[PDB]
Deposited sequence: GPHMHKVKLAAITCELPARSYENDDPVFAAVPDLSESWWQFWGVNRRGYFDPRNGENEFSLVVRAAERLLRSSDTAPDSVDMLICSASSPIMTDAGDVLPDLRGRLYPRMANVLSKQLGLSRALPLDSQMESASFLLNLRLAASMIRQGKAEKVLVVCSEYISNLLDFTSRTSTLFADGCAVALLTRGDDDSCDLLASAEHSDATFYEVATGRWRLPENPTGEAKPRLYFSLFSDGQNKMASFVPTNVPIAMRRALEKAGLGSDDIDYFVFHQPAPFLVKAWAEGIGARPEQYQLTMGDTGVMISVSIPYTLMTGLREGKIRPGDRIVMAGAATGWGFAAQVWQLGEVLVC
């Protein structure tokens, strides 16, 4: 009924980065050169709450920057969908100024009031590393069926305060946030062509290609018809296995965990932004975004001009 336009996207990373030899990893045993090559991480960022960095403060900065750059009035936002892998949130801005560590509420209701989204329906979803894809699909359905004209999507990862820095797992994940705006695009070329999810903790390289294959099949396209690919960033060898599994060449996707780490639900949107800002992805390109939760999801997008801010 309506076409879905991915209008703008932005990210906000922590100001402080940590090297693989940073003293914070002094208690981590059995680290090796092969370990860093295996996971492909060289440096990572952790929020510093003492300086005001948390899952909320940086989303406000990114959301306010995106709305200002995209010339979007706050009252014109019809829906706000937020995701956060951490069950703990820590800041509610001026809405609930006295509330600190909390299990509930989540972010959407508080964030909409902080930004003045007086007409926006708030929603908080959880699908782990696939949360960004889930939120884009929810937004797409609302826009497709004429139930919304502007949808603001948020993913915010503040996991560093839960990491056990006596374990090697603490060297893999990092903090970050991403904000994106989807709008009705009947007159423009951008639209969501198709999406797919498949089921079969799970490292099997084939499960993501299966989802990608179904999405292309639903859209009536093949891998050759796709211009660029955007994957989740669990490890270089998995991303490569996904690419080869679907026929994508090394020149048709990026590996971005090197400077950010594995940002769970933010790695995908961050990778999409990087490809756009670096000229890798350009107007008119048809791209595939794929990742895994236990679920696996893929989406085929016909992109127009996307505002990176």
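Novice: Deposited sequence versus model: which ranges have no CA atoms?
Specialist: Those parts of the chain that were deposited but carry no coordinates are 1-3, 204-240, 334-335.
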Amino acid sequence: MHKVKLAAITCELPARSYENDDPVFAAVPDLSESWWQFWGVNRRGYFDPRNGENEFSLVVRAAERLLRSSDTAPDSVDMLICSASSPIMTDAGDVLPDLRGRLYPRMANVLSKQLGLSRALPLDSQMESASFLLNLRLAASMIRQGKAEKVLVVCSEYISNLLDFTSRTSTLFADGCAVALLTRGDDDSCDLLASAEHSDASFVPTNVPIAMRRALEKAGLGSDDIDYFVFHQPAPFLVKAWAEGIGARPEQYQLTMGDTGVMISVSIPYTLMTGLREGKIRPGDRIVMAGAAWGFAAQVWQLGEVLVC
From here on, numbers count along this sequence of modelled residues.
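Novice: So 180-188 or 88-96, which one's hotter by mean CA B-factor in the entry?
Specialist: Going by the record's values, the stretch with the higher mean is 180-188.
Novice: Averaging CA B factors per stretch from the PDB record, which one is higher: 115-123 or 210-218?
Specialist: Between 115-123 and 210-218, it is 210-218.
Novice: According to the Cα B-factor stored in this entry, which of the following is highest: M79, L163, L193, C82?
Specialist: The C-alpha B-factor peaks, among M79, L163, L193, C82, at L193.
Novice: Between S267, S57, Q37, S69, which carries the biggest CA temperature factor in the record?
Specialist: Answer, based on the entry's C-alpha B-factors: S69.
Novice: Once the chain's modelled residues are ordered by C-alpha B factor and cut into thirds, is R102 in the lowest, middle or highest one?
Specialist: It belongs to the lowest third of the chain when residues are ordered by C-alpha B-factor.
Novice: Please place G291 in the lowest, middle or highest third of its chain according to the CA B-factor in the PDB entry.
Specialist: For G291, whose C-alpha B-factor we compare with every modelled residue in the chain, the answer is the middle third.
Novice: Grab the CA temperature factor for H232 from the record and place it in the lowest, middle or highest third of its chain.
Specialist: Lowest third of the chain for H232's C-alpha B-factor.
Novice: Can you work out whether the C-alpha temperature factor of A15 puts it in the lowest, middle or highest third of the chain?
Specialist: It falls in the bottom third of the chain.
Novice: Is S170 in the lowest, middle or highest third of its chain when residues are ranked by C-alpha B-factor?
Specialist: Lowest third.
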